[PDB]
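Take a look at the letters that make up each chain.
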Amino acid sequence: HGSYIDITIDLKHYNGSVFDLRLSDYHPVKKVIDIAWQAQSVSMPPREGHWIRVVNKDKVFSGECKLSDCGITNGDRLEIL
């Protein structure tokens, strides 16, 4: 169910790492955050609100939005705030 997209996650506001991710766009922008914490050594944790900024598009989305509904596609870089 959905459609696979290749994106980049940027933890600039945390340990500063950057990884690439491929997942179904029917997922909530929030999913990128769960995955981010599982995959990386982020001794933080994440900030409430779960807000993301699509760097290449200079637009912020609520972590509750559906990725597809945010026009987020391959190439997009999501900066977790």
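In its metadata, the entry names X-ray crystallography as the structure determination method and reports 2.7 Å as the resolution.

Q: Give a detailed account of the side chain of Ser 17, specifying residues and quantitative values.
A: Locating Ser 17 in the fold gives a position in the loop between β1 (4–10) and β2 (18–24). Of the polar contacts made by the side chain of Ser 17, one reaches the side chain of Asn 15; its length is 2.7 Å. Apart from the residues within four sequence positions on either side, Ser 17 is in contact with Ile 9, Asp 10, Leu 11, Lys 12 and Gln 40.

Q: Could you give an account of the pattern of salt bridges, with specific residues and numbers?
A: Counted under the stated rule, the structure contains seven salt bridges. Overlapping salt bridges, with partners in common, bring together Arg 53, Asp 58 and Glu 79 in one network.

Q: Any chance you could break down the packing of aromatic side chains for me, citing the residues and the numbers?
A: Applying the stated criterion across every chain, the model contains one aromatic pair. On the numbers, 5.0 Å between centres and 85° between planes, the contact of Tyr 14 with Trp 37 is edge-to-face. In this pair, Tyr 14 is assigned in the loop between β1 and β2 and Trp 37 in helix α1 (residues 31–39), connecting sequence segments 23 residues apart. Classification of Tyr 14 by relative accessible area gives buried; the value is 15%.

Scoring rules and cut-offs
Residues numbered from 1 in each chain as written, not as in the entry; some residues may be left out. Heavy atoms only, no water. Helix = DSSP H or I, 4+ residues; strand = E, 2+ residues; numbered from the N terminus. Polar contact = N/O pair within 3.5 Å; in protein donor to acceptor, adjacent residues only side chain to side chain. Contact = heavy atoms within 4.5 Å. Salt bridge = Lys/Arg side-chain N within 4 Å of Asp/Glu carboxyl O. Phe/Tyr/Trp six-rings, centres within 6.5 Å; stacked < 30°, edge-to-face > 60°. Buried < 20%, exposed > 50% of the residue type's maximum accessible area, 1.4 Å probe, protein only.

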